[PDB]
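Presented as structure tokens, the chain that follows is alone, the form deposited in one PDB entry.
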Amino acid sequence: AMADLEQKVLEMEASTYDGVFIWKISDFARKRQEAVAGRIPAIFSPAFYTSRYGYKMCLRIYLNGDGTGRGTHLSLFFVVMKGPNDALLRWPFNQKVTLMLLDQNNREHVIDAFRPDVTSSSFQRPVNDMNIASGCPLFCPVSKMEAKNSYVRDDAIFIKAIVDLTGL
């Protein structure tokens, strides 16, 4: 109860309703090692929405990679979740998604973007809490970021997601 209430509070505190989400990941070094050790391979971000009563979404990241990026890259994925208002939304989900690793020197951000494969189960109306994630297995080489550079600063990185709202 108490713990479950704190959770709702944190989720409410991180949520946004305009399709733009910024995820600050503090304690980067520790989490990065917990991933390398396979103790905590992935981390989910809090949920965010395309509009006040729009699609519910979240991100999933592997600090030491997944799939073709395992052990060599930071893998970042987008997840369509079951939203409270899904019955009012058009399905399958078909909004362009842009994902970024922010350069804290704003000189060169890592960026990738994709248009949902309407035939994939990842974008159908959610039956479970979350649909199968999809995104960027090779989002960023562990060396480009992590190592040093300008992506990690004061032991934290910022991930940014932009869900295009065309048609909504």
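Start at 1 and count along the sequence shown; that's the residue number.
Although it is not shown, the form deposited with a partner chain bound is what the next lines describe.
Using a 4.5 angstroms limit between non-hydrogen atoms, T68 touches the partner chain in the entry with it bound. Among residues of the shown chain, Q33 is not one whose heavy atoms approach the partner chain to within 4.5 Å in the entry with it bound. Interface residue remark: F123 is counted as part of the site for the partner chain in the entry with it bound, having a heavy atom within 4.5 Å. For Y55, no non-hydrogen atom is located within 4.5 Å of the partner chain in the entry with it bound, even though that partner is not displayed.
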